[PDB]
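This is coords02.cif (mmCIF, C-alpha atoms).
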data_data
loop_
_atom_site.label_atom_id
_atom_site.label_comp_id
_atom_site.auth_asym_id
_atom_site.auth_seq_id
_atom_site.Cartn_x
_atom_site.Cartn_y
_atom_site.Cartn_z
CA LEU A 80 14.02 -82.99 16.82
CA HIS A 81 11.30 -85.17 18.32
CA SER A 82 9.35 -88.17 17.07
CA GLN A 83 6.40 -87.24 14.86
CA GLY A 84 3.21 -89.27 15.03
CA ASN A 85 1.05 -90.16 12.06
CA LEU A 86 -1.86 -87.82 11.32
CA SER A 87 -5.24 -89.57 11.18
CA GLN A 88 -8.25 -87.59 9.99
CA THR A 89 -11.15 -87.38 12.44
CA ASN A 90 -12.89 -84.32 10.88
CA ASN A 91 -13.56 -83.14 14.45
CA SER A 92 -13.12 -79.37 14.70
CA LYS A 93 -11.82 -79.84 18.25
CA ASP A 94 -8.84 -81.87 16.99
CA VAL A 95 -5.75 -79.97 15.84
CA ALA A 96 -2.72 -82.10 14.96
CA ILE A 97 0.83 -80.78 14.67
CA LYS A 98 2.77 -81.76 11.54
CA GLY A 99 6.39 -81.17 12.54
CA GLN A 100 8.04 -79.51 15.52
CA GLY A 101 6.55 -77.55 18.38
CA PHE A 102 4.14 -77.73 21.32
CA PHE A 103 0.99 -75.88 22.26
CA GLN A 104 1.60 -73.54 25.19
CA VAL A 105 -0.89 -73.72 28.07
CA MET A 106 -1.22 -72.30 31.56
CA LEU A 107 -1.31 -74.73 34.48
CA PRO A 108 -3.83 -74.32 37.33
CA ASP A 109 -1.03 -72.71 39.39
CA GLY A 110 -0.16 -70.04 36.80
CA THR A 111 2.97 -71.64 35.35
CA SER A 112 3.46 -72.66 31.72
CA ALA A 113 3.33 -76.17 30.24
CA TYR A 114 3.50 -77.67 26.76
CA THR A 115 1.73 -80.45 24.88
CA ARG A 116 1.12 -81.94 21.45
CA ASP A 117 -2.44 -82.93 22.47
CA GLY A 118 -4.34 -80.60 20.19
CA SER A 119 -7.84 -81.39 21.48
CA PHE A 120 -9.29 -77.94 21.96
CA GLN A 121 -12.29 -76.69 23.91
CA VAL A 122 -13.99 -73.57 25.27
CA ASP A 123 -14.03 -73.17 29.04
CA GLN A 124 -16.85 -71.61 31.07
CA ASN A 125 -15.65 -68.06 30.24
CA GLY A 126 -15.08 -68.47 26.50
CA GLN A 127 -11.35 -69.14 26.86
CA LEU A 128 -9.73 -71.59 24.46
CA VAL A 129 -8.42 -74.59 26.41
CA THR A 130 -7.06 -78.06 25.66
CA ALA A 131 -8.61 -81.46 26.39
CA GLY A 132 -7.18 -81.39 29.90
CA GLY A 133 -8.91 -78.07 30.56
CA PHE A 134 -5.79 -75.87 30.43
CA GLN A 135 -5.96 -72.35 29.02
CA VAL A 136 -3.87 -71.77 25.91
CA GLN A 137 -1.17 -69.12 26.38
CA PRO A 138 -1.60 -66.33 25.37
CA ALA A 139 -5.32 -66.29 26.16
CA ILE A 140 -7.79 -66.60 23.28
CA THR A 141 -11.41 -65.60 23.86
CA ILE A 142 -14.14 -67.21 21.74
CA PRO A 143 -17.25 -65.00 21.42
CA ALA A 144 -20.32 -66.57 23.01
CA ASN A 145 -22.22 -66.34 19.70
CA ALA A 146 -19.52 -68.19 17.73
CA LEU A 147 -20.97 -70.92 15.53
CA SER A 148 -17.67 -72.65 14.73
CA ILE A 149 -13.94 -72.26 15.37
CA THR A 150 -11.38 -72.58 12.58
CA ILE A 151 -7.66 -72.99 13.24
CA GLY A 152 -5.57 -72.49 10.13
CA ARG A 153 -2.24 -74.05 9.25
CA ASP A 154 -0.52 -70.83 10.36
CA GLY A 155 -2.34 -70.80 13.71
CA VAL A 156 -4.88 -68.07 12.95
CA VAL A 157 -7.97 -68.63 15.11
CA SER A 158 -11.21 -67.35 13.60
CA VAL A 159 -14.92 -67.85 14.27
CA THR A 160 -18.11 -67.76 12.22
CA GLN A 161 -21.14 -65.83 13.43
CA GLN A 162 -24.74 -66.14 12.30
CA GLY A 163 -25.54 -64.26 9.09
CA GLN A 164 -22.02 -62.78 8.86
CA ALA A 165 -20.14 -63.63 5.68
CA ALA A 166 -16.60 -62.89 6.79
CA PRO A 167 -14.86 -64.94 9.48
CA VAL A 168 -13.80 -62.96 12.55
CA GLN A 169 -10.25 -63.57 13.74
CA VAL A 170 -10.10 -63.92 17.53
CA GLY A 171 -6.51 -64.94 18.27
CA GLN A 172 -3.25 -66.55 17.20
CA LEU A 173 -2.24 -70.09 18.16
CA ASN A 174 1.54 -70.32 18.59
CA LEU A 175 3.90 -73.31 18.60
CA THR A 176 6.84 -73.52 21.00
CA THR A 177 10.04 -75.36 20.06
CA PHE A 178 12.81 -76.70 22.30
CA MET A 179 16.43 -77.61 21.60
CA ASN A 180 16.06 -80.97 23.38
CA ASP A 181 12.51 -82.30 23.53
CA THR A 182 13.89 -85.35 25.36
CA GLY A 183 14.81 -83.04 28.25
CA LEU A 184 11.21 -81.95 28.80
CA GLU A 185 9.78 -83.23 32.09
CA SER A 186 6.52 -85.15 31.88
CA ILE A 187 4.05 -83.83 34.46
CA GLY A 188 1.24 -86.20 33.44
CA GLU A 189 -1.77 -85.90 31.14
CA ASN A 190 0.49 -85.55 28.07
CA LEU A 191 1.81 -82.24 29.45
CA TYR A 192 5.48 -81.29 29.68
CA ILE A 193 7.38 -78.42 31.28
CA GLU A 194 10.65 -76.68 30.48
CA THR A 195 13.77 -78.04 32.19
CA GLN A 196 17.49 -77.31 32.14
CA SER A 197 17.92 -80.27 29.79
CA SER A 198 15.18 -79.12 27.40
CA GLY A 199 16.41 -75.55 27.00
CA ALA A 200 14.42 -72.34 26.97
CA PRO A 201 11.17 -72.21 24.98
CA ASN A 202 11.14 -70.59 21.54
CA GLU A 203 7.64 -69.31 20.76
CA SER A 204 6.98 -68.87 17.03
CA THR A 205 4.18 -68.88 14.46
CA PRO A 206 3.21 -72.34 13.12
CA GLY A 207 5.22 -72.81 9.93
CA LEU A 208 8.07 -70.40 10.74
CA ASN A 209 11.42 -70.93 12.50
CA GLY A 210 11.18 -74.72 12.32
CA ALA A 211 7.73 -74.86 13.92
CA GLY A 212 5.32 -77.31 12.34
CA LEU A 213 1.88 -76.72 10.87
CA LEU A 214 -1.57 -77.14 12.42
CA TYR A 215 -4.14 -79.48 10.85
CA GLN A 216 -7.63 -79.07 12.27
CA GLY A 217 -9.70 -82.23 12.01
CA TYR A 218 -6.61 -84.41 12.51
CA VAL A 219 -5.09 -86.23 15.47
CA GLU A 220 -1.47 -87.23 16.02
CA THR A 221 -1.48 -90.98 16.62
CA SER A 222 0.63 -92.35 19.47
CA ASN A 223 2.05 -95.02 17.14
CA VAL A 224 4.96 -92.61 16.72
#

Would you write the structure of this file as structure tokens?
Amino acid sequence: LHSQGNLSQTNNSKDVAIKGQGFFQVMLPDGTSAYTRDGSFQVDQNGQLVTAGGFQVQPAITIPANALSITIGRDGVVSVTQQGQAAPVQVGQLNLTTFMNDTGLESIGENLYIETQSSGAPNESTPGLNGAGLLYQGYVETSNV
């Protein structure tokens, strides 16, 4: 496995902590894939869900421009609320990617990591299944691991 950090509650909807194994998958500015535990989410200039570093989550998730709030469930379901509408509208699925050897991941800076020969191939799964951890919106993973 890898070293889990302690989950502190911030109540910020942008913060999504991972409880257990897995990394968020993002697309680097050059088109390649990277991975991170930094669940600090955002909406880029075209409604795409991105991380704190500004990197688009992979696969792409589009947030409607009229979305009032974004909810990310423990299973990774991404939904939004819209004015006067009672039911939440699901807009995407946030996946968690696991590796055989997290130590083998290469740091590329900004809390991002990429797949290496030592890390093994990525295993993309739903949060909660196949060893992948769970997502806790409003929580941060503290670096005091």

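Using all atoms listed in the file, the nearest neighbour of residue 119 in chain A within the list A:95, A:149, A:179, A:106 is A:95.
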
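Among the candidates A:135, A:111, A:216, A:205, the one nearest to residue 90 in chain A when counting all atoms listed in the file is A:216.
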
Need the shell around residue 197 in chain A: protein/DNA/RNA residues with any atom at most 9 Å away, counting all atoms listed in the file. Skip same-chain ones fewer than 2 positions apart. Format as a ChimeraX atom specification? /A:179-185,194-195,199

Go through A:201, A:138, A:84, A:143 one by one, measure the shortest atom-to-atom distance of each to residue 116 in chain A using all atoms listed in the file, and give the residue with the smallest value.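 Nearest to residue 116 in chain A: A:84.
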
Best match for closeness to residue 140 in chain A among A:104, A:177, A:222, A:87, counting only C-alpha atoms: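 Closest residue, counting only C-alpha atoms: A:104.
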
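Computed from the coordinates, the CA of residue 213 in chain A to CA of residue 173 in chain A distance equals 10.7 Å.
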
So, counting only C-alpha atoms, which residue among A:132, A:163, A:101, A:118 is closest to residue 204 in chain A? A:101

Selection under test: the PyMOL selection byres ((chain A and resi 210) around 9); residues as an mmCIF file with C-alpha atoms, in the coordinates of the input:
data_model
loop_
_atom_site.group_PDB
_atom_site.id
_atom_site.type_symbol
_atom_site.label_atom_id
_atom_site.label_comp_id
_atom_site.auth_asym_id
_atom_site.auth_seq_id
_atom_site.Cartn_x
_atom_site.Cartn_y
_atom_site.Cartn_z
ATOM 1 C CA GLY A 99 6.390 -81.170 12.540
ATOM 2 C CA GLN A 100 8.040 -79.510 15.520
ATOM 3 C CA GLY A 101 6.550 -77.550 18.380
ATOM 4 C CA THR A 177 10.040 -75.360 20.060
ATOM 5 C CA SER A 204 6.980 -68.870 17.030
ATOM 6 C CA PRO A 206 3.210 -72.340 13.120
ATOM 7 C CA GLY A 207 5.220 -72.810 9.930
ATOM 8 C CA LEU A 208 8.070 -70.400 10.740
ATOM 9 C CA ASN A 209 11.420 -70.930 12.500
ATOM 10 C CA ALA A 211 7.730 -74.860 13.920
ATOM 11 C CA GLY A 212 5.320 -77.310 12.340
#

I want to know what sits within 6 Å of residue 121 in chain A, based on only C-alpha atoms, with residues of the same chain fewer than 5 positions away left out; could you give that as a PDB file with C-alpha atoms, keeping the file's coordinate frame?
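Saved result, result.pdb, follows:
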ATOM      1  CA  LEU A 128      -9.730 -71.590  24.460  1.00  0.00           C
ATOM      2  CA  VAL A 129      -8.420 -74.590  26.410  1.00  0.00           C
ATOM      3  CA  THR A 130      -7.060 -78.060  25.660  1.00  0.00           C
TER       4      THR A 130
END

Pick out the residues sitting within 8 Å of residue 88 in chain A, and hand them over as a list in words; count only C-alpha atoms, and ignore anything fewer than 2 positions along from it in its own chain. residues 86, 90, 217, 218 and 219 of chain A

Taking into account only C-alpha atoms, which residue in the set A:92, A:124, A:186, A:175 is nearest to residue 159 in chain A? A:92

Quick one: everything within 9 Å of residue 133 in chain A, counting all atoms listed in the file, minus sequence neighbours fewer than 6 positions away in the same chain. Send it as an NGL selection string. :A and (120-123)

Please, what distance in Å, to one decimal, runs between CA of residue 81 in chain A and CA of residue 105 in chain A?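 Distance reported for this atom pair: 19.4 Å.
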
Can you translate the PyMOL selection byres ((chain A and resi 189) around 10) into the concrete residues it hits in this file, as a PyMOL selection string? chain A and resi 115+117+131-132+186-188+190-192

By how many Å are CA of residue 156 in chain A and CA of residue 215 in chain A apart? 11.6 Å

Given the file above and the PyMOL selection byres ((chain A and resi 161) around 7), which residues are selected, and can you give them as an MDAnalysis selection string? chainID A and resid 145:147 159:160 162:164

Name the residues in contact with residue 172 in chain A at a cut-off of 7 Å, using only C-alpha atoms, excluding same-chain residues fewer than 2 positions from it; report them as number ranges by chain. A: 155-157, 174

Got a moment to write range 194-214 of chain A out with N, CA and C atoms, as a CSV table (one decimal), in the first residue's frame?
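Output below, filename part-v2.csv:
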chain,number,residue,atom,x,y,z
A,194,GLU,N,3.1,7.3,-13.8
A,194,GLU,CA,3.3,5.9,-13.9
A,194,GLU,C,4.8,5.6,-14.3
A,195,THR,N,5.4,4.6,-13.7
A,195,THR,CA,6.8,4.2,-14.1
A,195,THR,C,6.8,2.7,-14.2
A,196,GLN,N,7.9,2.1,-14.6
A,196,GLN,CA,8.1,0.7,-14.6
A,196,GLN,C,8.1,0.1,-13.2
A,197,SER,N,8.6,0.9,-12.2
A,197,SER,CA,8.6,0.4,-10.8
A,197,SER,C,7.2,0.5,-10.2
A,198,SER,N,6.4,1.4,-10.6
A,198,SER,CA,5.0,1.6,-10.0
A,198,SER,C,4.1,0.5,-10.5
A,199,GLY,N,4.2,0.1,-11.8
A,199,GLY,CA,3.3,-0.8,-12.4
A,199,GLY,C,2.2,0.0,-13.1
A,200,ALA,N,1.4,-0.8,-13.9
A,200,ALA,CA,0.4,-0.1,-14.7
A,200,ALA,C,-0.8,0.4,-13.8
A,201,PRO,N,-1.5,1.4,-14.2
A,201,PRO,CA,-2.6,1.9,-13.4
A,201,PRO,C,-3.8,1.0,-13.5
A,202,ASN,N,-4.5,0.9,-12.4
A,202,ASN,CA,-5.7,0.2,-12.3
A,202,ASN,C,-6.9,1.2,-11.9
A,203,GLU,N,-7.7,1.6,-12.9
A,203,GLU,CA,-8.7,2.5,-12.7
A,203,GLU,C,-10.0,1.8,-12.2
A,204,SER,N,-10.5,2.2,-11.1
A,204,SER,CA,-11.7,1.6,-10.5
A,204,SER,C,-12.5,2.7,-9.8
A,205,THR,N,-13.8,2.3,-9.4
A,205,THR,CA,-14.7,3.1,-8.7
A,205,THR,C,-14.3,3.2,-7.3
A,206,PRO,N,-14.3,4.4,-6.7
A,206,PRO,CA,-14.0,4.6,-5.3
A,206,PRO,C,-14.8,3.7,-4.4
A,207,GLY,N,-14.1,2.8,-3.6
A,207,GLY,CA,-14.8,1.8,-2.8
A,207,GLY,C,-14.6,0.4,-3.3
A,208,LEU,N,-14.4,0.2,-4.5
A,208,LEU,CA,-14.3,-1.1,-5.1
A,208,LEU,C,-12.8,-1.4,-5.4
A,209,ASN,N,-12.5,-2.8,-5.5
A,209,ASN,CA,-11.2,-3.2,-5.9
A,209,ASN,C,-10.0,-2.6,-5.2
A,210,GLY,N,-10.2,-2.4,-3.9
A,210,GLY,CA,-9.2,-1.9,-3.0
A,210,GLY,C,-9.1,-0.4,-3.0
A,211,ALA,N,-9.8,0.3,-3.9
A,211,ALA,CA,-9.8,1.8,-4.0
A,211,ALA,C,-10.5,2.4,-2.8
A,212,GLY,N,-9.9,3.5,-2.3
A,212,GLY,CA,-10.5,4.1,-1.1
A,212,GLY,C,-11.8,4.8,-1.4
A,213,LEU,N,-12.2,5.6,-0.4
A,213,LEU,CA,-13.5,6.4,-0.5
A,213,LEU,C,-13.2,7.9,-0.5
A,214,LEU,N,-14.1,8.6,-1.1
A,214,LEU,CA,-13.9,10.1,-1.2
A,214,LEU,C,-14.7,10.8,-0.2
